[PDB]
Amino acid sequence: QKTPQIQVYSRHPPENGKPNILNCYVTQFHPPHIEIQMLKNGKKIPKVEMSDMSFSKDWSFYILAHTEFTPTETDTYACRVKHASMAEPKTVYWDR
Amino acid sequence: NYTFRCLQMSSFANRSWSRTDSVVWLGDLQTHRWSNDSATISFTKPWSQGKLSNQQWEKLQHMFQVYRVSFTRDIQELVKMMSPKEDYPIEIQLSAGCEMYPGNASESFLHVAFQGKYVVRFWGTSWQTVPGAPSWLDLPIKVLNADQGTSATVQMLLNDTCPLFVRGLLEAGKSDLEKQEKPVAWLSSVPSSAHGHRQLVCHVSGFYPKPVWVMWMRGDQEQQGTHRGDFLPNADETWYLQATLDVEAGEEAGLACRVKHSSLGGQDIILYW
Ligand SMILES: *[C@@H]1O[C@H](CO)[C@@H](O[C@@H]2O[C@H](CO)[C@@H](O)[C@H](O)[C@H]2NC(C)=O)[C@H](O)[C@H]1NC(C)=O
Ligand SMILES: *[C@@H]1O[C@H](CO)[C@@H](O)[C@H](O)[C@H]1NC(C)=O
Ligand SMILES: *[C@@H]1O[C@H](CO)[C@@H](O)[C@H](O)[C@H]1NC(C)=O
C-alpha cells in the first residue's frame with residue numbers, strides 16, 4: 001500500500017485572461033483505484049481529461065489529469081485526491 | 001536506443017469483479033491502449049500497427065483476446081486453490097517487451113508483480129519465481145510451466161515478434177519519435193521552507209525529447225544550489241520540468257536561468273530575475 005504524490009503545474013507561462021492548461025500529475029500510488037478532482041475556488045471542475053493509467057519501473061502507478069483554464073488574479077486552483085492509503089483526501093494547490 | 005513495454009494492470013476485488021487494462025509505450029510515447037471495456041486493442045498513433053499486415057495484426061490481437069479471458073479465469077481459479085492465505089483484493093501487473101540496441105540487437109523481458117512487488121519472470125523457456133517470492137507460488141508456476149504451448153507462444157513473442165514489431169514501429173513512427181519541440185521557460189517564486197529566503201523557480205515546458213539542461217546562473221558561475229525536479233508529462237506529449245534555487249532576501253539580483261535543449265540548436269534560453 002502506497003501514498004500518492006501530487007504535483008500541479010501549468011502547460012504554458014500563466015498570463016491572466018489567456019487560455020492555458022493546468023496539469024495534475026499523481027504518482028507513486030498503490031493500489032490503482034483512485035479519485036482525482038481538480039478544484040477552482042473549492043468547487044470541482046466538471047470537464048477534466050484523464051490519461052490512461054500506467055506504472056513505472058518500480059511498479060507504482062501514475063496518471064495525468066488536465067483541464068482547460070484561463071487564470072485570473074483571484075481564482076485559486078487545486079487538485080484533490082482520494083485514495084485508500086489516506087484516511088483524509090490530500091489537496092495540493094497550484095503554486096503561482 | 002528504445003524500450004518497448006506493454007503494461008498490463010489486472011485488479012481482482014472479489015469472485016465476481018475483475019478488470020484488466022493495458023497500455024503500450026515505445027520509449028516515452030504511448031502506442032496502444034486496451035481497456036477492459038473493448039474487445040479490440042486501440043491505436044494511439046497513426047503508425048501503431050508498425051509494418052505488420054492486417055492479417056498479422058488480427059492474428060496477434062486474437063491471441064491476446066484469448067489470453068486476457070484465460071488469464072482472468074486462471075487467476076480467479078488460483079485464488080480458490082490457495083485461499084485463505086492471500087485473499088481479495090488482488091493486484092497483478094505484467095511488464096513485457098524488449099530493449100532495442102544498435103546493430104539490430106535486443107534483450108526481451110517479461111516481469112510480473114503481485115501486490116505491487118516483483119515475484120515472477122519468464123526466462124529462457126520457463127516461468128520462474130524470483131528469490132524471496134512467497135512459496136505458495138511454486139506449485140502454480142509448475143502447473144503453468146507444464147503448459148508447453150503457452151511456453152512456445154511466449155518464447156515466440158519474446159524472441160521473434162517483439163523485436164520484429166518494434167523495428168517496424170521505429171520506421172513507421174520515425175517523424176513522431178524524432179520530433180523536436182521547443183521549451184518555453186518562465187520564472188517565478190514561492191515560499192521557502194527556510195526563514196528569510198525566497199525559492200526562485202525556473203519552469204521549462206513543452207520540450208521534446210526528454211533530455212534537457214537547466215541551471216541557475218550568476219554570470220558564468222553555475223549555482224550549485226540549483227535543485228532540478230522530476231520530468232512531469234504535459235498532456236500533448238511534451239515534457240515539463242522546473243529547477244529551483246533558495247536564495248537569501250536581497251541576494252536575488254544578478255541571477256539568471258539558462259536552458260539548453262536539442263531543439264534550440266545552440267541558441268540557449270536565458271531569463272534574468
Ligand atoms: C528464445 O531465446 C532464449 C534465449 O534467451 C532461448 O533459451 C535458451 O535456449 C538455449 C538453447 O536451446 C539453452 O541452452 C538456454 O539455456 C536457454 N537460455 C536460457 C537463458 O535459459 C530459447 O530457446 C529461445 N526460444 C525460441 C523459440 O527461439
Ligand atoms: C465486488 O466488488 C465490487 C467492486 O469493489 C463491489 O462493488 C461489489 O459489491 C462486490 N460484490 C461482492 C458480491 O462482494
Ligand atoms: C471486464 O471485462 C469482462 C469481460 O468482457 C467483463 O465481463 C467484466 O465484467 C468487466 N469488468 C468490469 C469491472 O467492467
# chains A, B, ... in the order shown; residues from 1 in each chain; ligands from 1

$ residues_near_ligand --ligand "ligand 3" --cutoff "7 Å" --atoms "only C-alpha atoms and all ligand atoms" --output "CSV table (one decimal) with N, CA and C atoms, in the first residue's frame"
chain,number,residue,atom,x,y,z
B,17,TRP,N,-15.9,-9.7,-9.6
B,17,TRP,CA,-15.4,-8.4,-10.1
B,17,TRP,C,-13.9,-8.4,-10.4
B,18,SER,N,-13.6,-8.2,-11.7
B,18,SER,CA,-12.2,-8.0,-12.1
B,18,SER,C,-12.1,-7.2,-13.4
B,19,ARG,N,-11.1,-6.4,-13.5
B,19,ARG,CA,-10.8,-5.7,-14.8
B,19,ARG,C,-9.4,-5.8,-15.1
B,20,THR,N,-9.1,-5.8,-16.4
B,20,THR,CA,-7.7,-5.8,-16.9
B,20,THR,C,-7.6,-4.8,-18.0
B,36,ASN,N,-10.5,-2.7,-20.5
B,36,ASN,CA,-11.4,-3.8,-20.2
B,36,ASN,C,-12.7,-3.7,-20.9
B,37,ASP,N,-13.1,-2.5,-21.2
B,37,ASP,CA,-14.4,-2.2,-21.9
B,37,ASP,C,-14.4,-2.6,-23.4

$ residues_around --residues "region 60-72 of chain A" --least-positions-apart "4" --cutoff "8 Å" --atoms "only C-alpha atoms" --output "ChimeraX atom specification"
/A:14-32,36,47-56 /B:116,233,235

$ write_last_selection --atoms "C-alpha atoms" --output "mmCIF file, in the first residue's frame"
data_model
loop_
_atom_site.group_PDB
_atom_site.id
_atom_site.type_symbol
_atom_site.label_atom_id
_atom_site.label_comp_id
_atom_site.auth_asym_id
_atom_site.auth_seq_id
_atom_site.Cartn_x
_atom_site.Cartn_y
_atom_site.Cartn_z
ATOM 1 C CA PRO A 14 0.388 31.872 -16.790
ATOM 2 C CA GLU A 15 -0.922 35.200 -18.119
ATOM 3 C CA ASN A 16 -4.226 36.452 -16.679
ATOM 4 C CA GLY A 17 -7.034 36.080 -19.170
ATOM 5 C CA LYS A 18 -5.053 33.913 -21.588
ATOM 6 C CA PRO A 19 -6.156 30.289 -22.138
ATOM 7 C CA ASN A 20 -3.877 27.691 -20.555
ATOM 8 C CA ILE A 21 -3.882 24.082 -19.338
ATOM 9 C CA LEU A 22 -3.496 23.073 -15.676
ATOM 10 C CA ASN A 23 -1.972 19.635 -15.044
ATOM 11 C CA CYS A 24 -2.215 17.396 -12.030
ATOM 12 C CA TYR A 25 0.245 14.514 -12.094
ATOM 13 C CA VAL A 26 -0.366 11.879 -9.435
ATOM 14 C CA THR A 27 2.415 9.296 -8.889
ATOM 15 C CA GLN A 28 3.815 6.657 -6.533
ATOM 16 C CA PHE A 29 0.449 5.136 -5.505
ATOM 17 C CA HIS A 30 -0.796 1.618 -4.929
ATOM 18 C CA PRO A 31 -3.410 0.229 -5.429
ATOM 19 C CA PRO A 32 -4.552 1.631 -8.834
ATOM 20 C CA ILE A 36 -8.739 12.766 -8.670
ATOM 21 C CA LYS A 47 -14.717 18.670 -17.637
ATOM 22 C CA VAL A 48 -11.362 17.098 -16.702
ATOM 23 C CA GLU A 49 -9.414 14.824 -19.059
ATOM 24 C CA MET A 50 -7.532 11.853 -17.631
ATOM 25 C CA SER A 51 -4.697 9.919 -19.294
ATOM 26 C CA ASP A 52 -4.653 6.136 -19.223
ATOM 27 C CA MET A 53 -3.304 4.681 -16.033
ATOM 28 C CA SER A 54 0.226 3.392 -16.276
ATOM 29 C CA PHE A 55 3.093 2.420 -13.971
ATOM 30 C CA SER A 56 6.864 2.884 -13.558
ATOM 31 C CA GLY B 116 2.989 -4.188 -6.160
ATOM 32 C CA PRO B 233 4.390 14.988 -18.502
ATOM 33 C CA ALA B 235 -0.941 16.205 -21.946
#

$ residues_around --residues "residue 246 (chain B)" --least-positions-apart "4" --cutoff "10 Å" --atoms "only C-alpha atoms" --output "NGL selection string"
:B and (189-194 or 196-201 or 225-227 or 252)

$ residues_around --residues "region 91-94 of chain A" --least-positions-apart "2" --cutoff "7 Å" --atoms "only C-alpha atoms" --output "count of residues only"
10

$ residues_near_ligand --ligand "ligand 1" --cutoff "10 Å" --atoms "only C-alpha atoms and all ligand atoms" --output "JSON list (two decimals) with N, CA, C and O atoms, in the first residue's frame"
[["chain", "number", "residue", "atom", "x", "y", "z"],
["B", 107, "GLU", "N", 17.26, -7.18, -26.16],
["B", 107, "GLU", "CA", 17.02, -8.03, -24.98],
["B", 107, "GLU", "C", 15.54, -7.95, -24.70],
["B", 107, "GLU", "O", 15.00, -6.86, -24.61],
["B", 108, "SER", "N", 14.89, -9.08, -24.53],
["B", 108, "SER", "CA", 13.47, -9.13, -24.16],
["B", 108, "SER", "C", 13.27, -9.47, -22.68],
["B", 108, "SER", "O", 14.15, -10.05, -22.04],
["B", 109, "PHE", "N", 12.11, -9.08, -22.16],
["B", 109, "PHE", "CA", 11.79, -9.27, -20.75],
["B", 109, "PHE", "C", 10.29, -9.50, -20.58],
["B", 109, "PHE", "O", 9.50, -9.04, -21.39],
["B", 122, "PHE", "N", 9.45, -14.56, -16.94],
["B", 122, "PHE", "CA", 9.73, -15.59, -17.92],
["B", 122, "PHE", "C", 11.20, -15.47, -18.24],
["B", 122, "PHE", "O", 11.71, -14.36, -18.39],
["B", 123, "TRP", "N", 11.89, -16.60, -18.33],
["B", 123, "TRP", "CA", 13.32, -16.58, -18.57],
["B", 123, "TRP", "C", 13.74, -17.80, -19.33],
["B", 123, "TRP", "O", 13.61, -18.92, -18.85],
["B", 124, "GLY", "N", 14.25, -17.55, -20.53],
["B", 124, "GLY", "CA", 14.64, -18.59, -21.45],
["B", 124, "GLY", "C", 13.44, -19.30, -22.05],
["B", 124, "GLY", "O", 12.89, -18.86, -23.06],
["B", 125, "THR", "N", 13.07, -20.41, -21.42],
["B", 125, "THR", "CA", 11.99, -21.28, -21.90],
["B", 125, "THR", "C", 10.95, -21.59, -20.83],
["B", 125, "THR", "O", 10.01, -22.31, -21.11],
["B", 126, "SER", "N", 11.09, -21.00, -19.63],
["B", 126, "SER", "CA", 10.23, -21.30, -18.49],
["B", 126, "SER", "C", 9.90, -20.06, -17.64],
["B", 126, "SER", "O", 10.61, -19.06, -17.65],
["B", 151, "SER", "N", 4.27, -21.85, -23.27],
["B", 151, "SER", "CA", 5.70, -21.62, -23.25],
["B", 151, "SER", "C", 6.28, -21.31, -24.64],
["B", 151, "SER", "O", 7.03, -20.33, -24.81],
["B", 152, "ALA", "N", 5.94, -22.13, -25.64],
["B", 152, "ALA", "CA", 6.38, -21.88, -27.02],
["B", 152, "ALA", "C", 5.84, -20.54, -27.55],
["B", 152, "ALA", "O", 6.56, -19.79, -28.19],
["B", 153, "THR", "N", 4.58, -20.24, -27.25],
["B", 153, "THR", "CA", 3.99, -18.98, -27.69],
["B", 153, "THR", "C", 4.77, -17.79, -27.10],
["B", 153, "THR", "O", 5.23, -16.92, -27.82],
["B", 154, "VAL", "N", 4.94, -17.80, -25.78],
["B", 154, "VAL", "CA", 5.66, -16.73, -25.09],
["B", 154, "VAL", "C", 7.10, -16.60, -25.60],
["B", 154, "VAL", "O", 7.59, -15.48, -25.75],
["B", 155, "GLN", "N", 7.75, -17.73, -25.86],
["B", 155, "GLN", "CA", 9.09, -17.74, -26.47],
["B", 155, "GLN", "C", 9.13, -17.11, -27.85],
["B", 155, "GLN", "O", 10.08, -16.41, -28.16],
["B", 156, "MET", "N", 8.10, -17.36, -28.66],
["B", 156, "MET", "CA", 7.97, -16.70, -29.96],
["B", 156, "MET", "C", 7.82, -15.18, -29.82],
["B", 156, "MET", "O", 8.51, -14.41, -30.52],
["B", 157, "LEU", "N", 6.93, -14.77, -28.92],
["B", 157, "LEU", "CA", 6.65, -13.35, -28.68],
["B", 157, "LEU", "C", 7.90, -12.57, -28.23],
["B", 157, "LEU", "O", 8.19, -11.51, -28.76],
["B", 158, "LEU", "N", 8.64, -13.13, -27.27],
["B", 158, "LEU", "CA", 9.87, -12.51, -26.77],
["B", 158, "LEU", "C", 11.04, -12.53, -27.78],
["B", 158, "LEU", "O", 11.67, -11.48, -28.01],
["B", 159, "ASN", "N", 11.32, -13.68, -28.38],
["B", 159, "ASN", "CA", 12.49, -13.81, -29.30],
["B", 159, "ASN", "C", 12.27, -13.23, -30.70],
["B", 159, "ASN", "O", 13.19, -12.63, -31.24],
["B", 160, "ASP", "N", 11.10, -13.44, -31.29],
["B", 160, "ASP", "CA", 10.84, -13.07, -32.70],
["B", 160, "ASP", "C", 10.00, -11.81, -32.80],
["B", 160, "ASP", "O", 10.45, -10.78, -33.30]]

$ residues_near_ligand --ligand "ligand 2" --cutoff "8 Å" --atoms "only C-alpha atoms and all ligand atoms" --output "PDB file with N, CA, C and O atoms, in the first residue's frame"
ATOM      1  N   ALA B  13     -11.170  -7.767  -7.199  1.00  0.00           N
ATOM      2  CA  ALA B  13     -11.779  -7.308  -5.950  1.00  0.00           C
ATOM      3  C   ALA B  13     -12.565  -8.407  -5.213  1.00  0.00           C
ATOM      4  O   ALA B  13     -12.630  -8.407  -3.978  1.00  0.00           O
ATOM      5  N   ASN B  14     -13.202  -9.299  -5.971  1.00  0.00           N
ATOM      6  CA  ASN B  14     -13.907 -10.463  -5.408  1.00  0.00           C
ATOM      7  C   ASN B  14     -14.117 -11.534  -6.495  1.00  0.00           C
ATOM      8  O   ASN B  14     -13.721 -11.328  -7.648  1.00  0.00           O
ATOM      9  N   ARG B  15     -14.720 -12.671  -6.136  1.00  0.00           N
ATOM     10  CA  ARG B  15     -15.004 -13.747  -7.105  1.00  0.00           C
ATOM     11  C   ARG B  15     -15.793 -13.304  -8.358  1.00  0.00           C
ATOM     12  O   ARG B  15     -15.682 -13.947  -9.404  1.00  0.00           O
ATOM     13  N   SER B  16     -16.574 -12.222  -8.254  1.00  0.00           N
ATOM     14  CA  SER B  16     -17.391 -11.715  -9.373  1.00  0.00           C
ATOM     15  C   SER B  16     -16.912 -10.413 -10.063  1.00  0.00           C
ATOM     16  O   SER B  16     -17.516 -10.017 -11.064  1.00  0.00           O
ATOM     17  N   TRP B  17     -15.865  -9.748  -9.555  1.00  0.00           N
ATOM     18  CA  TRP B  17     -15.418  -8.446 -10.110  1.00  0.00           C
ATOM     19  C   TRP B  17     -13.921  -8.429 -10.426  1.00  0.00           C
ATOM     20  O   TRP B  17     -13.092  -8.639  -9.549  1.00  0.00           O
TER      21      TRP B  17
END

$ closest_residue --among "B:21, B:138, B:251, B:77" --to "chain A" --atoms "only C-alpha atoms"
B:21

$ closest_residue --among "A:1, A:73, A:83, A:46" --to "chain B" --atoms "only C-alpha atoms"
A:1
